[PDB]
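Novice: Okay, here's the structure, questions in a sec.
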6 protein chains.
Amino acid sequence: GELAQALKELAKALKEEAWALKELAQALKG
Amino acid sequence: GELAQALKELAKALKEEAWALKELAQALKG
Amino acid sequence: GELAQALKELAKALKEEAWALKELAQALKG
Amino acid sequence: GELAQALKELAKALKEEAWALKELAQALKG
Amino acid sequence: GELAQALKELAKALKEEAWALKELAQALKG
Amino acid sequence: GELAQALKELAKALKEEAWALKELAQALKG
């Protein structure tokens, strides 16, 4: 239902945020 | 109640944050 | 209730942060 | 209760985040 | 119990993020 | 619960963002 769906969407977004943070860290190192 | 809605908004905002981190990473590369 | 509203406020803050970091990216890129 | 106190802490942190985002926007605008 | 603790952790981390946005703002000014 | 879990994960992500942004701040000063 609605809450389960929203929690799954938040979990996807957290994964995207972590991936993006790694891209920034890489760019900073470069 | 409104918990699921709040989590949907939070997931959407976190996606926007992730995209900004990706844009910063690319900006450091020109 | 109050929990959901505070999470909506947290989402609004991360949305604002995303926007400001996107502007920072545009300024760094030049 | 503990939840109410925690929401209070999050509200304080939101207010600090908001002022720092204002400062970042001020640094960017100029 | 665990939700109030998670919210307190989230407040702490938002304050760290505010500190970092201030540092960005200052760095933009040299 | 699942919610406390996800919010702890978000706090960790905001702490990592704060670290990266402080490194960006130093990079913006050369």
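Residue numbering restarts at 1 in every chain; chains get A, B, ... in the order shown in the structure tokens, and ligands count up from 1 in that same order.
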Return as a tab-separated table the residues of chain F lying at most 10 Å from chain B, together with the closest atom-to-atom pair for each and the distance in Å to one decimal, counting only C-alpha atoms, with rows in chain order and ascending residue number.
Specialist:
```
residue	atom	partner	partner_atom	distance
F:3	CA	B:7	CA	9.2
F:10	CA	B:14	CA	9.0
F:17	CA	B:21	CA	8.8
F:20	CA	B:21	CA	9.7
F:21	CA	B:21	CA	9.5
F:24	CA	B:24	CA	9.4
F:27	CA	B:28	CA	9.6
F:28	CA	B:28	CA	9.8
```
Novice: Please, can I see chain B fitted onto chain E by all in-order Cα atoms (least squares), as a PDB file with N, CA, C and O atoms, in the first residue's frame?
Specialist:
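Once everything was written out, this is result.pdb:
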```pdb
ATOM      1  N   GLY B   1      10.334   3.088  21.280  1.00  0.00           N
ATOM      2  CA  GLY B   1      11.215   2.400  20.353  1.00  0.00           C
ATOM      3  C   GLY B   1      12.311   3.371  19.936  1.00  0.00           C
ATOM      4  O   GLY B   1      12.632   4.309  20.652  1.00  0.00           O
ATOM      5  N   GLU B   2      12.845   3.124  18.749  1.00  0.00           N
ATOM      6  CA  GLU B   2      14.050   3.774  18.239  1.00  0.00           C
ATOM      7  C   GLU B   2      13.744   5.014  17.415  1.00  0.00           C
ATOM      8  O   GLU B   2      14.690   5.626  16.870  1.00  0.00           O
ATOM      9  N   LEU B   3      12.493   5.431  17.284  1.00  0.00           N
ATOM     10  CA  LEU B   3      12.183   6.635  16.486  1.00  0.00           C
ATOM     11  C   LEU B   3      12.858   7.897  17.049  1.00  0.00           C
ATOM     12  O   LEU B   3      13.441   8.674  16.281  1.00  0.00           O
ATOM     13  N   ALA B   4      12.810   8.091  18.361  1.00  0.00           N
ATOM     14  CA  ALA B   4      13.401   9.305  18.940  1.00  0.00           C
ATOM     15  C   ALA B   4      14.923   9.343  18.687  1.00  0.00           C
ATOM     16  O   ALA B   4      15.490  10.368  18.316  1.00  0.00           O
ATOM     17  N   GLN B   5      15.570   8.202  18.857  1.00  0.00           N
ATOM     18  CA  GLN B   5      17.019   8.106  18.618  1.00  0.00           C
ATOM     19  C   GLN B   5      17.337   8.463  17.152  1.00  0.00           C
ATOM     20  O   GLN B   5      18.352   9.140  16.869  1.00  0.00           O
ATOM     21  N   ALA B   6      16.532   7.903  16.255  1.00  0.00           N
ATOM     22  CA  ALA B   6      16.762   8.158  14.824  1.00  0.00           C
ATOM     23  C   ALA B   6      16.635   9.648  14.533  1.00  0.00           C
ATOM     24  O   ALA B   6      17.399  10.214  13.721  1.00  0.00           O
ATOM     25  N   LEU B   7      15.660  10.294  15.114  1.00  0.00           N
ATOM     26  CA  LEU B   7      15.427  11.737  14.902  1.00  0.00           C
ATOM     27  C   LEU B   7      16.566  12.567  15.514  1.00  0.00           C
ATOM     28  O   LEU B   7      16.942  13.615  14.931  1.00  0.00           O
ATOM     29  N   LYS B   8      17.124  12.107  16.643  1.00  0.00           N
ATOM     30  CA  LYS B   8      18.275  12.790  17.245  1.00  0.00           C
ATOM     31  C   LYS B   8      19.456  12.700  16.298  1.00  0.00           C
ATOM     32  O   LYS B   8      20.195  13.675  16.118  1.00  0.00           O
ATOM     33  N   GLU B   9      19.662  11.526  15.715  1.00  0.00           N
ATOM     34  CA  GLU B   9      20.786  11.379  14.788  1.00  0.00           C
ATOM     35  C   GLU B   9      20.528  12.232  13.569  1.00  0.00           C
ATOM     36  O   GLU B   9      21.451  12.829  12.988  1.00  0.00           O
ATOM     37  N   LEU B  10      19.291  12.257  13.107  1.00  0.00           N
ATOM     38  CA  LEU B  10      18.956  13.053  11.915  1.00  0.00           C
ATOM     39  C   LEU B  10      19.158  14.553  12.165  1.00  0.00           C
ATOM     40  O   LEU B  10      19.735  15.244  11.313  1.00  0.00           O
ATOM     41  N   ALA B  11      18.759  15.058  13.331  1.00  0.00           N
ATOM     42  CA  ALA B  11      18.962  16.446  13.693  1.00  0.00           C
ATOM     43  C   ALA B  11      20.471  16.720  13.733  1.00  0.00           C
ATOM     44  O   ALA B  11      20.922  17.762  13.248  1.00  0.00           O
ATOM     45  N   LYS B  12      21.242  15.832  14.338  1.00  0.00           N
ATOM     46  CA  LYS B  12      22.697  16.089  14.443  1.00  0.00           C
ATOM     47  C   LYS B  12      23.335  16.143  13.043  1.00  0.00           C
ATOM     48  O   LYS B  12      24.232  16.973  12.745  1.00  0.00           O
ATOM     49  N   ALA B  13      22.898  15.251  12.191  1.00  0.00           N
ATOM     50  CA  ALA B  13      23.460  15.264  10.827  1.00  0.00           C
ATOM     51  C   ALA B  13      23.070  16.497  10.073  1.00  0.00           C
ATOM     52  O   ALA B  13      23.879  17.003   9.284  1.00  0.00           O
ATOM     53  N   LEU B  14      21.834  16.954  10.268  1.00  0.00           N
ATOM     54  CA  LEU B  14      21.374  18.136   9.565  1.00  0.00           C
ATOM     55  C   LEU B  14      22.184  19.351  10.055  1.00  0.00           C
ATOM     56  O   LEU B  14      22.525  20.193   9.227  1.00  0.00           O
ATOM     57  N   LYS B  15      22.521  19.421  11.352  1.00  0.00           N
ATOM     58  CA  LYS B  15      23.381  20.509  11.876  1.00  0.00           C
ATOM     59  C   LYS B  15      24.720  20.436  11.150  1.00  0.00           C
ATOM     60  O   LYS B  15      25.317  21.486  10.768  1.00  0.00           O
ATOM     61  N   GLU B  16      25.229  19.210  10.950  1.00  0.00           N
ATOM     62  CA  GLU B  16      26.538  19.136  10.266  1.00  0.00           C
ATOM     63  C   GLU B  16      26.425  19.646   8.829  1.00  0.00           C
ATOM     64  O   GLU B  16      27.331  20.341   8.312  1.00  0.00           O
ATOM     65  N   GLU B  17      25.343  19.312   8.164  1.00  0.00           N
ATOM     66  CA  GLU B  17      25.082  19.812   6.809  1.00  0.00           C
ATOM     67  C   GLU B  17      25.043  21.325   6.760  1.00  0.00           C
ATOM     68  O   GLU B  17      25.618  21.968   5.835  1.00  0.00           O
ATOM     69  N   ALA B  18      24.343  21.910   7.724  1.00  0.00           N
ATOM     70  CA  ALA B  18      24.231  23.365   7.806  1.00  0.00           C
ATOM     71  C   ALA B  18      25.599  23.992   7.926  1.00  0.00           C
ATOM     72  O   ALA B  18      25.912  24.956   7.200  1.00  0.00           O
ATOM     73  N   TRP B  19      26.410  23.451   8.821  1.00  0.00           N
ATOM     74  CA  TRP B  19      27.800  23.962   9.020  1.00  0.00           C
ATOM     75  C   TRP B  19      28.604  23.815   7.714  1.00  0.00           C
ATOM     76  O   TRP B  19      29.354  24.735   7.333  1.00  0.00           O
ATOM     77  N   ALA B  20      28.466  22.710   6.973  1.00  0.00           N
ATOM     78  CA  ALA B  20      29.200  22.584   5.689  1.00  0.00           C
ATOM     79  C   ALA B  20      28.746  23.645   4.703  1.00  0.00           C
ATOM     80  O   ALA B  20      29.561  24.166   3.932  1.00  0.00           O
ATOM     81  N   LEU B  21      27.444  23.933   4.643  1.00  0.00           N
ATOM     82  CA  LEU B  21      26.972  24.982   3.744  1.00  0.00           C
ATOM     83  C   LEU B  21      27.605  26.322   4.146  1.00  0.00           C
ATOM     84  O   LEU B  21      27.975  27.090   3.284  1.00  0.00           O
ATOM     85  N   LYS B  22      27.749  26.561   5.443  1.00  0.00           N
ATOM     86  CA  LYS B  22      28.354  27.817   5.924  1.00  0.00           C
ATOM     87  C   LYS B  22      29.815  27.838   5.553  1.00  0.00           C
ATOM     88  O   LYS B  22      30.370  28.925   5.152  1.00  0.00           O
ATOM     89  N   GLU B  23      30.481  26.682   5.658  1.00  0.00           N
ATOM     90  CA  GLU B  23      31.892  26.661   5.255  1.00  0.00           C
ATOM     91  C   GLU B  23      32.047  26.892   3.755  1.00  0.00           C
ATOM     92  O   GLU B  23      33.004  27.572   3.325  1.00  0.00           O
ATOM     93  N   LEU B  24      31.143  26.337   2.937  1.00  0.00           N
ATOM     94  CA  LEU B  24      31.215  26.598   1.483  1.00  0.00           C
ATOM     95  C   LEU B  24      31.018  28.065   1.209  1.00  0.00           C
ATOM     96  O   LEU B  24      31.684  28.615   0.339  1.00  0.00           O
ATOM     97  N   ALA B  25      30.037  28.667   1.887  1.00  0.00           N
ATOM     98  CA  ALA B  25      29.745  30.093   1.675  1.00  0.00           C
ATOM     99  C   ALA B  25      30.986  30.902   1.996  1.00  0.00           C
ATOM    100  O   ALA B  25      31.360  31.814   1.244  1.00  0.00           O
ATOM    101  N   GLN B  26      31.658  30.576   3.106  1.00  0.00           N
ATOM    102  CA  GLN B  26      32.858  31.350   3.472  1.00  0.00           C
ATOM    103  C   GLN B  26      34.003  31.072   2.504  1.00  0.00           C
ATOM    104  O   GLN B  26      34.842  31.955   2.234  1.00  0.00           O
ATOM    105  N   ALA B  27      34.111  29.832   2.045  1.00  0.00           N
ATOM    106  CA  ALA B  27      35.181  29.503   1.073  1.00  0.00           C
ATOM    107  C   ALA B  27      35.075  30.296  -0.196  1.00  0.00           C
ATOM    108  O   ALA B  27      36.099  30.667  -0.801  1.00  0.00           O
ATOM    109  N   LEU B  28      33.863  30.587  -0.628  1.00  0.00           N
ATOM    110  CA  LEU B  28      33.679  31.393  -1.853  1.00  0.00           C
ATOM    111  C   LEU B  28      34.195  32.795  -1.642  1.00  0.00           C
ATOM    112  O   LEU B  28      34.468  33.519  -2.598  1.00  0.00           O
ATOM    113  N   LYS B  29      34.318  33.206  -0.386  1.00  0.00           N
ATOM    114  CA  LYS B  29      34.846  34.529  -0.020  1.00  0.00           C
ATOM    115  C   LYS B  29      36.304  34.527   0.282  1.00  0.00           C
ATOM    116  O   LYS B  29      36.876  35.572   0.627  1.00  0.00           O
ATOM    117  N   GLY B  30      36.928  33.367   0.201  1.00  0.00           N
ATOM    118  CA  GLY B  30      38.338  33.270   0.537  1.00  0.00           C
ATOM    119  C   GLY B  30      38.583  32.942   1.990  1.00  0.00           C
ATOM    120  O   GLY B  30      37.634  32.546   2.747  1.00  0.00           O
TER     121      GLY B  30
END
```
